[PDB]
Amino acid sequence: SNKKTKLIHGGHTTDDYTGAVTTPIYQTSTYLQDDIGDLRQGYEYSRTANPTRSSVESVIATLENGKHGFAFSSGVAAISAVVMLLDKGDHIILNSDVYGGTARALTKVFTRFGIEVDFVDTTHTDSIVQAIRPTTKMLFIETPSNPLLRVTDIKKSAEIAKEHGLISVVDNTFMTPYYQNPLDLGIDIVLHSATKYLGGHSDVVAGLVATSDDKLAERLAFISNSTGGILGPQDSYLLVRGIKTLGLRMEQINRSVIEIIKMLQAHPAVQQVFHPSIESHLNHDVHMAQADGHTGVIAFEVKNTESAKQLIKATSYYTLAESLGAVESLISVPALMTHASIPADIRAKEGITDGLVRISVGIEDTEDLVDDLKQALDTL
């Protein structure tokens, strides 16, 4: 029924055999056959399929309202598997501020295999229409993006991809299936870095992919079985377990996000704030029309590098570390940590200023997170 119930009872996460109310961990590579080719429960070799991995795959398929799920050893392994649907000579359109790892994979790995990449400002979907070439075969969008939280119209992108014969892909990491369901809006494939919110506890690196398309699912299963970037059973189990509390965690994060943004907008040491909940944010209405909540990632400007470092040192409850979607709130400075290879003039032009801070809001007490960040900003 409602989302919080679906999180507990959706998918197959119990043991039909013993009745165990949690998915058994099949730390196993192979399976007895009673006769040659007769598999007791459909399993024959864990790379091809493993029951614990099948459990988490059923969960992500259910949560995204798809038919088929796939679990990979990381988010970028899921992305690479999806890109491998294409052939040399094919063209893929991506949002222009796509995740750094995605941009690296496409421009430094897959370009050597003849895949051509164009980065497009998809906040206006007619940019996609202009960028389509005869060889374009895939449209890949994140929304909202990192670290400036740009929003792209999912439904319109799905329609464009249908009309032009493209495979449409949404990286739904920042929103999670709790708030945004791209397959319901016509997208062919949805994927996640489960390393972030889905696992939720900073203790699994994993990717998840869901689709309703039987033929794309067959192709993805073949790619998974042949290139072998599969998630192991212990990590699959920890994913199932972490997803149980996804709804509670996201709701707490959202309460804190709302109060923190109020504080940041009022504070004199903060300039611009980036988050899709802000009414003046580009495509705010598009976001509200395709999602019923918010990501916990916020970016905001302080004056300079020194202020950013001082802010980090002055907080008690914000942890300096890579990644996002933890139960701990995390803080980072993109210009120094993720975007430092880009020359400073280009960073400035793109809005990645020296004082741009990114926080990933965790599940600490809302008042504590607001007060801590405020007093730290007061030290500037």
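Counting begins at 1, following the sequence as shown.
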remark   = Of 75-83 and 265-273, the stretch with the higher mean C-alpha B-factor in the deposited entry is 265-273
ask   = Per the PDB record, is the mean Cα temperature factor higher over 304-312 or over 251-259?
value = 304-312
task = By the entry's C-alpha temperature factors, tell me which of 59, 337, 49, 324 sits highest.
result = 337
note = Chain thirds by Cα B factor, record data; residue 132 belongs to the highest
query = When the modelled residues of the chain are sorted by Cα temperature factor, does residue 280 land in the lowest, middle or highest third?
reply = highest
task = Using the B-factor values recorded in the entry, state whether the Cα atom of residue 329 falls in the lowest, middle or highest third among the modelled residues of its chain.
result = middle
note = On the chain's distribution of Cα B-factors, residue 356 falls within the third called highest
message = Please say which third, lowest, middle or highest, residue 341 falls into when its CA temperature factor is compared across its chain.
response = highest
